[PDB]
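**Student:** For reference, the file protein_9.cif (mmCIF, C-alpha atoms and all ligand atoms) is included below:
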data_target
#
loop_
_atom_site.group_PDB
_atom_site.id
_atom_site.type_symbol
_atom_site.label_atom_id
_atom_site.label_comp_id
_atom_site.auth_asym_id
_atom_site.auth_seq_id
_atom_site.Cartn_x
_atom_site.Cartn_y
_atom_site.Cartn_z
ATOM 1 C CA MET D 1 0.000 0.000 0.000
ATOM 2 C CA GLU D 2 3.033 2.287 -0.166
ATOM 3 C CA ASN D 3 2.436 1.993 -3.932
ATOM 4 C CA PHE D 4 -1.078 3.547 -3.656
ATOM 5 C CA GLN D 5 -2.083 7.141 -2.905
ATOM 6 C CA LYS D 6 -5.705 7.768 -1.824
ATOM 7 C CA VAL D 7 -7.631 10.556 -3.594
ATOM 8 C CA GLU D 8 -11.203 10.224 -2.170
ATOM 9 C CA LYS D 9 -13.652 7.672 -0.748
ATOM 10 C CA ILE D 10 -15.941 6.183 -3.400
ATOM 11 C CA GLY D 11 -18.055 4.210 -0.935
ATOM 12 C CA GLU D 12 -18.457 1.586 1.751
ATOM 13 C CA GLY D 13 -19.087 -2.010 0.814
ATOM 14 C CA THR D 14 -20.510 -5.185 2.296
ATOM 15 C CA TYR D 15 -16.976 -6.570 2.870
ATOM 16 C CA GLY D 16 -14.568 -3.589 2.533
ATOM 17 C CA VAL D 17 -14.243 0.180 2.004
ATOM 18 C CA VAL D 18 -13.522 1.535 -1.562
ATOM 19 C CA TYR D 19 -11.272 4.457 -2.586
ATOM 20 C CA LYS D 20 -10.163 6.199 -5.751
ATOM 21 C CA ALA D 21 -6.367 5.789 -5.605
ATOM 22 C CA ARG D 22 -3.333 6.436 -7.814
ATOM 23 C CA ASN D 23 -0.791 3.628 -8.414
ATOM 24 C CA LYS D 24 2.643 5.269 -7.942
ATOM 25 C CA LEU D 25 4.319 2.421 -9.884
ATOM 26 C CA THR D 26 2.232 3.122 -13.011
ATOM 27 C CA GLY D 27 0.664 6.609 -12.518
ATOM 28 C CA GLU D 28 -2.572 4.683 -13.223
ATOM 29 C CA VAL D 29 -5.950 5.635 -11.637
ATOM 30 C CA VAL D 30 -7.803 2.773 -9.930
ATOM 31 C CA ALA D 31 -10.572 1.724 -7.522
ATOM 32 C CA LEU D 32 -8.894 0.316 -4.387
ATOM 33 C CA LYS D 33 -10.970 -1.917 -2.126
ATOM 34 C CA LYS D 34 -9.649 -2.863 1.351
ATOM 35 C CA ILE D 35 -11.242 -6.011 2.832
ATOM 36 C CA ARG D 36 -12.316 -6.050 6.514
ATOM 37 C CA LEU D 37 -10.072 -8.649 8.207
ATOM 38 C CA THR D 38 -10.090 -20.469 0.766
ATOM 39 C CA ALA D 39 -10.587 -16.740 0.040
ATOM 40 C CA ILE D 40 -7.298 -15.549 -1.522
ATOM 41 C CA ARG D 41 -8.022 -18.727 -3.562
ATOM 42 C CA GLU D 42 -11.421 -17.886 -5.156
ATOM 43 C CA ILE D 43 -10.463 -14.195 -5.339
ATOM 44 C CA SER D 44 -7.211 -15.009 -7.169
ATOM 45 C CA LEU D 45 -9.526 -17.039 -9.464
ATOM 46 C CA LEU D 46 -11.559 -13.944 -10.262
ATOM 47 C CA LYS D 47 -8.780 -12.118 -12.119
ATOM 48 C CA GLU D 48 -9.595 -14.427 -15.085
ATOM 49 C CA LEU D 49 -12.936 -12.866 -16.105
ATOM 50 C CA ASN D 50 -12.150 -10.837 -19.235
ATOM 51 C CA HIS D 51 -15.079 -9.267 -20.973
ATOM 52 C CA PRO D 52 -16.021 -5.765 -22.251
ATOM 53 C CA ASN D 53 -18.996 -5.579 -19.862
ATOM 54 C CA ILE D 54 -17.285 -6.477 -16.577
ATOM 55 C CA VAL D 55 -14.953 -4.222 -14.511
ATOM 56 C CA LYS D 56 -11.482 -5.797 -14.623
ATOM 57 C CA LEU D 57 -9.837 -7.103 -11.453
ATOM 58 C CA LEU D 58 -6.280 -5.815 -12.055
ATOM 59 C CA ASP D 59 -4.424 -7.067 -8.953
ATOM 60 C CA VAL D 60 -4.749 -8.877 -5.606
ATOM 61 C CA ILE D 61 -2.382 -7.736 -2.842
ATOM 62 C CA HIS D 62 -2.021 -9.675 0.411
ATOM 63 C CA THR D 63 0.209 -7.741 2.877
ATOM 64 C CA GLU D 64 0.317 -7.163 6.672
ATOM 65 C CA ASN D 65 -2.377 -9.863 7.019
ATOM 66 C CA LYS D 66 -4.870 -7.673 5.084
ATOM 67 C CA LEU D 67 -6.468 -8.026 1.631
ATOM 68 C CA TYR D 68 -6.636 -5.310 -1.064
ATOM 69 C CA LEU D 69 -8.508 -5.591 -4.372
ATOM 70 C CA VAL D 70 -7.376 -3.364 -7.275
ATOM 71 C CA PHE D 71 -10.047 -2.615 -9.922
ATOM 72 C CA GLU D 72 -10.285 -0.795 -13.234
ATOM 73 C CA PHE D 73 -11.763 2.663 -12.396
ATOM 74 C CA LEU D 74 -14.852 4.255 -13.978
ATOM 75 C CA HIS D 75 -16.167 7.781 -13.313
ATOM 76 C CA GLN D 76 -19.940 7.255 -12.969
ATOM 77 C CA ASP D 77 -22.561 4.770 -11.710
ATOM 78 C CA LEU D 78 -26.066 4.041 -13.127
ATOM 79 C CA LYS D 79 -27.786 5.327 -9.995
ATOM 80 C CA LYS D 80 -26.297 8.841 -10.252
ATOM 81 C CA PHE D 81 -26.981 8.785 -14.026
ATOM 82 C CA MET D 82 -30.704 7.897 -13.392
ATOM 83 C CA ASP D 83 -30.972 10.714 -10.762
ATOM 84 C CA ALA D 84 -29.532 13.231 -13.236
ATOM 85 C CA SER D 85 -32.057 11.978 -15.845
ATOM 86 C CA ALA D 86 -35.138 11.984 -13.623
ATOM 87 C CA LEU D 87 -36.873 15.016 -15.101
ATOM 88 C CA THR D 88 -36.865 13.701 -18.672
ATOM 89 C CA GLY D 89 -35.871 10.007 -18.316
ATOM 90 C CA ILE D 90 -33.294 7.819 -20.033
ATOM 91 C CA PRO D 91 -34.048 7.541 -23.798
ATOM 92 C CA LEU D 92 -35.291 4.078 -24.778
ATOM 93 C CA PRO D 93 -32.433 3.367 -27.290
ATOM 94 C CA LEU D 94 -29.984 3.865 -24.393
ATOM 95 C CA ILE D 95 -32.032 1.789 -21.933
ATOM 96 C CA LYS D 96 -31.999 -1.018 -24.529
ATOM 97 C CA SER D 97 -28.282 -0.798 -25.257
ATOM 98 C CA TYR D 98 -27.429 -0.934 -21.517
ATOM 99 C CA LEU D 99 -29.783 -3.953 -21.072
ATOM 100 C CA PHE D 100 -28.153 -5.768 -24.064
ATOM 101 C CA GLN D 101 -24.611 -5.202 -22.693
ATOM 102 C CA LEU D 102 -25.351 -6.328 -19.036
ATOM 103 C CA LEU D 103 -26.947 -9.425 -20.531
ATOM 104 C CA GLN D 104 -23.711 -10.148 -22.508
ATOM 105 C CA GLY D 105 -21.837 -9.542 -19.264
ATOM 106 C CA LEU D 106 -24.147 -11.875 -17.329
ATOM 107 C CA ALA D 107 -24.081 -14.595 -20.008
ATOM 108 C CA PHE D 108 -20.260 -14.560 -19.962
ATOM 109 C CA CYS D 109 -19.752 -14.966 -16.244
ATOM 110 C CA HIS D 110 -22.654 -17.431 -15.942
ATOM 111 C CA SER D 111 -21.024 -19.681 -18.594
ATOM 112 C CA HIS D 112 -17.934 -19.702 -16.283
ATOM 113 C CA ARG D 113 -20.056 -20.488 -13.183
ATOM 114 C CA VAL D 114 -19.697 -16.981 -11.720
ATOM 115 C CA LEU D 115 -22.752 -15.283 -10.220
ATOM 116 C CA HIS D 116 -22.944 -11.628 -9.116
ATOM 117 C CA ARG D 117 -25.525 -12.038 -6.266
ATOM 118 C CA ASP D 118 -26.147 -8.324 -5.476
ATOM 119 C CA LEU D 119 -26.776 -6.291 -8.652
ATOM 120 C CA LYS D 120 -28.078 -2.753 -8.155
ATOM 121 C CA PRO D 121 -27.869 0.626 -9.971
ATOM 122 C CA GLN D 122 -25.027 1.548 -7.578
ATOM 123 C CA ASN D 123 -22.676 -1.159 -8.854
ATOM 124 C CA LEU D 124 -23.324 -0.729 -12.593
ATOM 125 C CA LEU D 125 -20.655 1.502 -14.138
ATOM 126 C CA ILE D 126 -20.827 3.605 -17.359
ATOM 127 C CA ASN D 127 -18.314 5.553 -19.518
ATOM 128 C CA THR D 128 -18.375 8.380 -22.153
ATOM 129 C CA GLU D 129 -18.286 5.768 -24.911
ATOM 130 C CA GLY D 130 -21.716 4.364 -24.113
ATOM 131 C CA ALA D 131 -20.554 1.179 -22.337
ATOM 132 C CA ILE D 132 -21.866 -0.240 -19.022
ATOM 133 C CA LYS D 133 -20.053 -2.702 -16.749
ATOM 134 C CA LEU D 134 -20.711 -5.011 -13.818
ATOM 135 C CA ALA D 135 -18.712 -4.234 -10.629
ATOM 136 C CA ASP D 136 -18.471 -5.937 -7.133
ATOM 137 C CA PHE D 137 -18.886 -9.080 -9.246
ATOM 138 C CA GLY D 138 -18.405 -12.647 -7.941
ATOM 139 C CA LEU D 139 -17.382 -11.605 -4.393
ATOM 140 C CA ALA D 140 -20.203 -12.560 -2.043
ATOM 141 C CA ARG D 141 -18.956 -15.566 0.036
ATOM 142 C CA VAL D 142 -28.806 -0.494 5.718
ATOM 143 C CA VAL D 143 -28.737 -3.184 2.988
ATOM 144 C CA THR D 144 -30.976 -2.518 0.043
ATOM 145 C CA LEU D 145 -33.423 -5.356 -0.584
ATOM 146 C CA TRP D 146 -35.148 -3.844 -3.671
ATOM 147 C CA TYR D 147 -33.421 -6.187 -6.198
ATOM 148 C CA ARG D 148 -33.493 -9.424 -4.177
ATOM 149 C CA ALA D 149 -34.996 -12.507 -5.947
ATOM 150 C CA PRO D 150 -38.011 -14.184 -4.207
ATOM 151 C CA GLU D 151 -36.155 -17.540 -3.725
ATOM 152 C CA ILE D 152 -33.533 -15.750 -1.571
ATOM 153 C CA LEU D 153 -36.134 -13.913 0.584
ATOM 154 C CA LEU D 154 -37.787 -17.298 1.268
ATOM 155 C CA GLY D 155 -34.528 -18.848 2.540
ATOM 156 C CA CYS D 156 -33.259 -20.836 -0.397
ATOM 157 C CA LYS D 157 -29.536 -21.417 0.222
ATOM 158 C CA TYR D 158 -28.590 -23.161 -3.046
ATOM 159 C CA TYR D 159 -29.828 -20.548 -5.512
ATOM 160 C CA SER D 160 -28.734 -20.228 -9.178
ATOM 161 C CA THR D 161 -27.650 -17.783 -11.889
ATOM 162 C CA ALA D 162 -31.419 -16.925 -12.096
ATOM 163 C CA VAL D 163 -31.037 -14.514 -9.143
ATOM 164 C CA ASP D 164 -29.040 -12.087 -11.368
ATOM 165 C CA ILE D 165 -31.698 -12.150 -14.158
ATOM 166 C CA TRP D 166 -34.296 -11.151 -11.482
ATOM 167 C CA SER D 167 -32.157 -8.217 -10.203
ATOM 168 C CA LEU D 168 -31.578 -7.038 -13.802
ATOM 169 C CA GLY D 169 -35.341 -7.250 -14.527
ATOM 170 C CA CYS D 170 -35.992 -4.893 -11.588
ATOM 171 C CA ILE D 171 -33.344 -2.437 -12.852
ATOM 172 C CA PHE D 172 -34.751 -2.583 -16.436
ATOM 173 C CA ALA D 173 -38.212 -1.498 -15.125
ATOM 174 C CA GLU D 174 -36.687 1.212 -12.919
ATOM 175 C CA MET D 175 -34.926 2.799 -15.916
ATOM 176 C CA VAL D 176 -38.229 2.774 -17.909
ATOM 177 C CA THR D 177 -40.625 4.224 -15.228
ATOM 178 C CA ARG D 178 -38.127 6.341 -13.137
ATOM 179 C CA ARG D 179 -39.367 4.703 -9.955
ATOM 180 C CA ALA D 180 -38.127 1.632 -8.036
ATOM 181 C CA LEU D 181 -40.196 -1.481 -8.863
ATOM 182 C CA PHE D 182 -40.353 -3.117 -5.397
ATOM 183 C CA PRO D 183 -39.179 -0.613 -2.736
ATOM 184 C CA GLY D 184 -39.278 -2.852 0.411
ATOM 185 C CA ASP D 185 -38.042 -1.561 3.794
ATOM 186 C CA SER D 186 -37.736 -5.100 5.294
ATOM 187 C CA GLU D 187 -37.673 -8.708 4.039
ATOM 188 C CA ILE D 188 -41.362 -9.374 4.763
ATOM 189 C CA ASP D 189 -42.266 -5.907 3.292
ATOM 190 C CA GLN D 190 -40.087 -6.664 0.266
ATOM 191 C CA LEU D 191 -41.759 -10.070 -0.127
ATOM 192 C CA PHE D 192 -45.310 -8.684 0.191
ATOM 193 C CA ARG D 193 -44.684 -5.905 -2.422
ATOM 194 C CA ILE D 194 -43.673 -8.576 -4.997
ATOM 195 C CA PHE D 195 -46.818 -10.585 -3.973
ATOM 196 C CA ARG D 196 -49.168 -7.553 -4.452
ATOM 197 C CA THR D 197 -47.864 -6.887 -8.001
ATOM 198 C CA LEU D 198 -47.153 -10.376 -9.429
ATOM 199 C CA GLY D 199 -49.616 -12.276 -7.229
ATOM 200 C CA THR D 200 -49.019 -14.585 -4.282
ATOM 201 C CA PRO D 201 -47.129 -17.633 -5.731
ATOM 202 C CA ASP D 202 -48.540 -21.182 -5.410
ATOM 203 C CA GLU D 203 -47.640 -24.758 -6.426
ATOM 204 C CA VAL D 204 -49.283 -24.118 -9.841
ATOM 205 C CA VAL D 205 -46.959 -21.334 -10.990
ATOM 206 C CA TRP D 206 -44.018 -22.364 -8.746
ATOM 207 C CA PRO D 207 -43.860 -26.109 -8.018
ATOM 208 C CA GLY D 208 -42.136 -26.527 -4.672
ATOM 209 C CA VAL D 209 -42.722 -22.969 -3.403
ATOM 210 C CA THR D 210 -44.809 -24.139 -0.369
ATOM 211 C CA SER D 211 -41.840 -26.109 0.963
ATOM 212 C CA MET D 212 -39.208 -23.316 0.918
ATOM 213 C CA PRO D 213 -37.665 -22.755 4.405
ATOM 214 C CA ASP D 214 -39.345 -19.380 5.141
ATOM 215 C CA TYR D 215 -42.652 -19.913 3.305
ATOM 216 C CA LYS D 216 -45.756 -19.572 5.528
ATOM 217 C CA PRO D 217 -49.237 -20.816 4.519
ATOM 218 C CA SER D 218 -50.594 -17.864 6.518
ATOM 219 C CA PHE D 219 -49.270 -15.463 3.790
ATOM 220 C CA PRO D 220 -52.078 -13.269 2.396
ATOM 221 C CA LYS D 221 -53.381 -14.349 -1.014
ATOM 222 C CA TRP D 222 -53.216 -11.289 -3.373
ATOM 223 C CA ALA D 223 -54.103 -11.677 -7.051
ATOM 224 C CA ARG D 224 -51.794 -10.790 -9.960
ATOM 225 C CA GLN D 225 -52.048 -7.304 -11.442
ATOM 226 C CA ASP D 226 -52.138 -6.518 -15.145
ATOM 227 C CA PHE D 227 -48.635 -5.978 -16.528
ATOM 228 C CA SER D 228 -49.504 -2.928 -18.672
ATOM 229 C CA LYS D 229 -49.957 -0.994 -15.452
ATOM 230 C CA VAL D 230 -46.528 -1.982 -14.040
ATOM 231 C CA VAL D 231 -44.407 -0.436 -16.783
ATOM 232 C CA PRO D 232 -46.891 1.708 -18.855
ATOM 233 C CA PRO D 233 -44.383 3.310 -21.303
ATOM 234 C CA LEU D 234 -42.967 -0.086 -22.312
ATOM 235 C CA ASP D 235 -44.048 -1.660 -25.603
ATOM 236 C CA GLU D 236 -45.134 -5.339 -25.790
ATOM 237 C CA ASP D 237 -41.707 -6.651 -26.922
ATOM 238 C CA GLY D 238 -40.195 -5.131 -23.774
ATOM 239 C CA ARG D 239 -43.072 -6.207 -21.528
ATOM 240 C CA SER D 240 -42.858 -9.837 -22.740
ATOM 241 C CA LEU D 241 -39.143 -9.886 -22.017
ATOM 242 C CA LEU D 242 -39.581 -8.238 -18.574
ATOM 243 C CA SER D 243 -42.158 -10.920 -17.580
ATOM 244 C CA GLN D 244 -39.751 -13.768 -18.483
ATOM 245 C CA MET D 245 -37.112 -12.075 -16.324
ATOM 246 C CA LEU D 246 -39.632 -11.939 -13.448
ATOM 247 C CA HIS D 247 -40.950 -15.555 -13.392
ATOM 248 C CA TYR D 248 -41.306 -16.811 -9.844
ATOM 249 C CA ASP D 249 -39.881 -20.255 -10.637
ATOM 250 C CA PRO D 250 -36.083 -19.871 -11.032
ATOM 251 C CA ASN D 251 -36.147 -22.731 -13.547
ATOM 252 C CA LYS D 252 -38.685 -21.009 -15.797
ATOM 253 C CA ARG D 253 -36.860 -17.642 -15.533
ATOM 254 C CA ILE D 254 -35.200 -16.756 -18.850
ATOM 255 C CA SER D 255 -31.402 -17.191 -19.155
ATOM 256 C CA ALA D 256 -29.112 -14.318 -20.109
ATOM 257 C CA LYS D 257 -28.133 -16.276 -23.238
ATOM 258 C CA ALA D 258 -31.795 -16.724 -24.320
ATOM 259 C CA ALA D 259 -32.739 -13.094 -23.438
ATOM 260 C CA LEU D 260 -30.121 -11.904 -25.954
ATOM 261 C CA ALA D 261 -32.052 -13.329 -28.946
ATOM 262 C CA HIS D 262 -35.430 -11.961 -27.788
ATOM 263 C CA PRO D 263 -37.209 -9.818 -30.443
ATOM 264 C CA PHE D 264 -36.814 -6.651 -28.235
ATOM 265 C CA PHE D 265 -33.152 -6.442 -29.337
ATOM 266 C CA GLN D 266 -33.979 -6.429 -33.063
ATOM 267 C CA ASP D 267 -33.312 -2.698 -33.480
ATOM 268 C CA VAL D 268 -30.578 -2.454 -30.821
ATOM 269 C CA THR D 269 -27.819 0.238 -31.250
ATOM 270 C CA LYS D 270 -25.040 1.828 -29.181
ATOM 271 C CA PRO D 271 -25.803 5.476 -28.315
ATOM 272 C CA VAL D 272 -23.541 7.758 -26.369
ATOM 273 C CA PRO D 273 -24.882 9.287 -23.130
ATOM 274 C CA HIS D 274 -24.277 12.857 -22.055
ATOM 275 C CA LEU D 275 -22.248 12.672 -18.850
ATOM 276 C CA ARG D 276 -21.344 15.307 -16.327
ATOM 277 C CA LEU D 277 -18.278 14.393 -14.321
HETATM 278 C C1 LIG L 301 -21.315 11.208 -6.926
HETATM 279 N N1 LIG L 301 -20.586 11.030 -5.661
HETATM 280 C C2 LIG L 301 -20.688 12.352 -5.016
HETATM 281 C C3 LIG L 301 -21.319 10.103 -4.767
HETATM 282 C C4 LIG L 301 -21.296 8.601 -5.134
HETATM 283 O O1 LIG L 301 -22.288 8.360 -6.153
HETATM 284 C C5 LIG L 301 -19.907 8.030 -5.527
HETATM 285 O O2 LIG L 301 -20.122 7.339 -6.764
HETATM 286 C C6 LIG L 301 -19.130 6.652 -7.425
HETATM 287 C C7 LIG L 301 -17.986 7.239 -7.979
HETATM 288 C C8 LIG L 301 -17.086 6.433 -8.682
HETATM 289 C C9 LIG L 301 -17.303 5.052 -8.848
HETATM 290 N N2 LIG L 301 -16.374 4.270 -9.577
HETATM 291 C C10 LIG L 301 -16.006 2.926 -9.378
HETATM 292 C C11 LIG L 301 -16.517 2.084 -8.371
HETATM 293 C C12 LIG L 301 -16.062 0.754 -8.295
HETATM 294 N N3 LIG L 301 -16.506 -0.149 -7.318
HETATM 295 C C13 LIG L 301 -17.674 -0.017 -6.552
HETATM 296 C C14 LIG L 301 -17.588 -0.055 -5.160
HETATM 297 C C15 LIG L 301 -18.721 0.073 -4.360
HETATM 298 C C16 LIG L 301 -18.575 0.029 -2.838
HETATM 299 F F1 LIG L 301 -19.599 -0.694 -2.191
HETATM 300 F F2 LIG L 301 -17.397 -0.657 -2.540
HETATM 301 F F3 LIG L 301 -18.498 1.332 -2.299
HETATM 302 C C17 LIG L 301 -19.970 0.227 -4.965
HETATM 303 C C18 LIG L 301 -20.073 0.255 -6.352
HETATM 304 C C19 LIG L 301 -18.935 0.129 -7.148
HETATM 305 F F4 LIG L 301 -19.044 0.158 -8.498
HETATM 306 N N4 LIG L 301 -15.133 0.340 -9.191
HETATM 307 C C20 LIG L 301 -14.683 1.165 -10.122
HETATM 308 N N5 LIG L 301 -15.103 2.420 -10.211
HETATM 309 C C21 LIG L 301 -18.465 4.485 -8.322
HETATM 310 C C22 LIG L 301 -19.356 5.289 -7.633
#
Please go through the file and, once you have read it, give me the structure as structure tokens.
Ligand SMILES: CN(C)C[C@@H](O)COc1ccc(Nc2cc(Nc3cc(C(F)(F)F)ccc3F)ncn2)cc1

**Tutor:**
Amino acid sequence: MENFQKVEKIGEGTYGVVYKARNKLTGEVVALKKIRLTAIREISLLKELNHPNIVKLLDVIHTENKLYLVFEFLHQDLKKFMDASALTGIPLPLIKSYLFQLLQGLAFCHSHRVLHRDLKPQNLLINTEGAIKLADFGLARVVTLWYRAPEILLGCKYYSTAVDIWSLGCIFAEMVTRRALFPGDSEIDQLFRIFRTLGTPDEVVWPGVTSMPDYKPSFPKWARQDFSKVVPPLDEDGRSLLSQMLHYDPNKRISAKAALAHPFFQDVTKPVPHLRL
């Protein structure tokens, strides 16, 4: 860490604090993440993901019994970009391009058995060239619960790549309506908001749901609401794809690889956003 000079705090993370730092050995600008306290192992396995839509893990430093992660640095996150766009909204061509790219990102790591586990606007990074990238990637093992898949809230321990498709679905709708899809303040509140919109799940639409660890038969039975009310601006191509991203049953939920060929991406392009840094 004598080789790194701190410039400013970027944020505070579930397992370490993150700073914008300059590498004195290279004059390079980076995101430096210091971990709190089989790990160096899986982490040193993460430096192998190379893809245009994932933030590169540049180096792993293990000194004075502490662990630093050195990442490629980007200037802006999706959440700040959405806030700056709230009055007029993100243009559909740009929403679509960002969706297409995160799906390529997700399909790549998923084919290597890497899951993200905690996608949110705050860890999706953009540049002046019109690219978006996944950050804090494979690194799991007030929190925001808004993008948590229903299987996780019900206590499933052995969940699948489908959890990331669900989180991305929620972000896709948020970009389109300029409002959070399921803004829960607790796990039960989170769970009941998804139930009110998509209907309380049963054995019919989700075989096995009633025997998930945290499922209770005393749950209120709300009916499913019409989809055209959930994301009104969205055309039917987009709405059909959103619904496949939001299937209750993780096995029925569309894969990133299949989502890429969906008709919604017929007219896809690569616009450049206007960014204030
Ligand atoms: C606008 N400023 C005033 C306020 C904030 O939005 C400050 O926003 C910024 C400013 C710059 C960046 N750039 C990054 C961030 C990053 N990792 C990362 C770490 C965390 C965590 F949890 F570790 F902190 C959360 C999300 C992450 F993407 N890797 C490369 N570049 C990100 C957000």

**Student:** Please provide as a list in words all residues within 6 Å of stretch 193-202 of chain D, with the sequence filter that same-chain residues fewer than 3 positions apart are discarded (counting all atoms listed in the file).

**Tutor:**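 So the residues in contact are residues 182, 190, 205, 206, 221, 222, 223, 224 and 225 of chain D.
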
**Student:** Evaluate the PyMOL selection byres (((chain D and resi 122-126) around 8) and not hetatm) and record the selected residues as JSON, numbers by chain, following the chain and residue labels used in the document.

**Tutor:** {"D": [74, 75, 76, 77, 78, 79, 80, 119, 120, 121, 127, 128, 130, 131, 132, 133, 134, 135, 136]}

**Student:** Measuring atom to atom with all atoms listed in the file, identify which of D:256, D:31, D:84, D:37 is nearest to residue D:105.

**Tutor:**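 The answer is D:256, which sits nearest to residue D:105.
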
**Student:** Let me have the centre and edge lengths in Å, one decimal, of the box along x, y and z around every listed atom of ligand LIG 301 (chain L) with 3 Å of margin on each side, as AutoDock Vina command-line options.

**Tutor:**
--center_x -18.5 --center_y 5.8 --center_z -6.2 --size_x 13.6 --size_y 19.0 --size_z 14.0

**Student:** Taking the file as shown, find all residues satisfying the PyMOL selection byres (((chain D and resi 24) around 9) and not hetatm) and write them as a PyMOL selection string.

**Tutor:** chain D and resi 2-5+22-23+25-28

**Student:** Evaluated on this file, the PyMOL selection byres (((chain D and resi 67) around 8) and not hetatm) picks out some residues - which ones are they, written as a PDB file with C-alpha atoms, in the frame of the given file?

**Tutor:**
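Output contents, as saved in selection.pdb:
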ATOM      1  CA  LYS D  34      -9.649  -2.863   1.351  1.00  0.00           C
ATOM      2  CA  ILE D  35     -11.242  -6.011   2.832  1.00  0.00           C
ATOM      3  CA  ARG D  36     -12.316  -6.050   6.514  1.00  0.00           C
ATOM      4  CA  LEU D  37     -10.072  -8.649   8.207  1.00  0.00           C
ATOM      5  CA  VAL D  60      -4.749  -8.877  -5.606  1.00  0.00           C
ATOM      6  CA  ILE D  61      -2.382  -7.736  -2.842  1.00  0.00           C
ATOM      7  CA  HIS D  62      -2.021  -9.675   0.411  1.00  0.00           C
ATOM      8  CA  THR D  63       0.209  -7.741   2.877  1.00  0.00           C
ATOM      9  CA  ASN D  65      -2.377  -9.863   7.019  1.00  0.00           C
ATOM     10  CA  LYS D  66      -4.870  -7.673   5.084  1.00  0.00           C
ATOM     11  CA  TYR D  68      -6.636  -5.310  -1.064  1.00  0.00           C
ATOM     12  CA  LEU D  69      -8.508  -5.591  -4.372  1.00  0.00           C
TER      13      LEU D  69
END

**Student:** Which one is closest to residue D:269: D:110, D:247, D:96, D:157? Count only C-alpha atoms.

**Tutor:**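 Of D:110, D:247, D:96, D:157, the one nearest residue D:269, counting only C-alpha atoms, is D:96.
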
**Student:** Just to confirm, what's the straight-line distance from atom CA of residue D:213 to atom CA of residue D:168 in Å (one decimal)?

**Tutor:**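 For atom CA of residue D:213 relative to atom CA of residue D:168, the distance reads 24.8 Å.
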
**Student:** Considering only C-alpha atoms, return as a list in words whatever protein or nucleic-acid residues lie within 12 Å of residue D:85, sequence-local ones (same chain, fewer than 4 positions apart) excluded.

**Tutor:**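 Surrounding residues, per the criterion: residues 78, 79, 80, 81, 89, 90, 91, 94, 95, 175, 176, 177, 178, 179, 273, 274, 275 and 276 of chain D.
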
**Student:** In terms of the shortest atom-to-atom distance over only C-alpha atoms and all ligand atoms, which of D:219, D:253, D:277, D:165 is closest to ligand LIG 301 (chain L)?

**Tutor:**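 Using only C-alpha atoms and all ligand atoms, the shortest distance to ligand LIG 301 (chain L) belongs to D:277.
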
**Student:** To one decimal place in Å, what is the distance between atom CA of residue D:32 and atom CA of residue D:118?

**Tutor:** 19.3 Å

**Student:** Using only C-alpha atoms and all ligand atoms for the distances, tell me which of D:113, D:47, D:33, D:216 is nearest to ligand LIG 301 (chain L).

**Tutor:**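 Ranked by minimum distance to ligand LIG 301 (chain L), first place goes to D:33.
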
**Student:** Measure the distance from atom CA of residue D:16 to atom CA of residue D:138 in Å and round it to one decimal.

**Tutor:**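 Pair atom CA of residue D:16 / atom CA of residue D:138 returns 14.4 Å.
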
**Student:** Mind rebuilding stretch 117-124 of chain D with N, CA, C and O atoms and writing that out as a tab-separated table (two decimals), in the frame of the given file?

**Tutor:**
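Dumped everything to out-v9.tsv:
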chain	number	residue	atom	x	y	z
D	117	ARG	N	-24.81	-11.89	-7.56
D	117	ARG	CA	-25.52	-12.04	-6.27
D	117	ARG	C	-26.15	-10.78	-5.68
D	117	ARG	O	-27.05	-10.88	-4.88
D	118	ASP	N	-25.69	-9.59	-6.09
D	118	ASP	CA	-26.15	-8.32	-5.48
D	118	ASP	C	-26.19	-7.15	-6.46
D	118	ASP	O	-25.77	-6.05	-6.15
D	119	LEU	N	-26.70	-7.38	-7.67
D	119	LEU	CA	-26.78	-6.29	-8.65
D	119	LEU	C	-27.71	-5.18	-8.19
D	119	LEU	O	-28.77	-5.46	-7.60
D	120	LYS	N	-27.30	-3.95	-8.46
D	120	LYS	CA	-28.08	-2.75	-8.15
D	120	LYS	C	-27.54	-1.56	-8.98
D	120	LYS	O	-26.44	-1.63	-9.52
D	121	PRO	N	-28.33	-0.51	-9.16
D	121	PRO	CA	-27.87	0.63	-9.97
D	121	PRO	C	-26.50	1.14	-9.52
D	121	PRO	O	-25.73	1.66	-10.35
D	122	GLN	N	-26.22	0.98	-8.23
D	122	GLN	CA	-25.03	1.55	-7.58
D	122	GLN	C	-23.73	0.83	-7.96
D	122	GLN	O	-22.63	1.39	-7.86
D	123	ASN	N	-23.85	-0.41	-8.42
D	123	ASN	CA	-22.68	-1.16	-8.85
D	123	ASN	C	-22.65	-1.49	-10.36
D	123	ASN	O	-21.98	-2.42	-10.80
D	124	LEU	N	-23.38	-0.70	-11.13
D	124	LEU	CA	-23.32	-0.73	-12.59
D	124	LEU	C	-22.63	0.56	-13.10
D	124	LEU	O	-23.10	1.68	-12.86
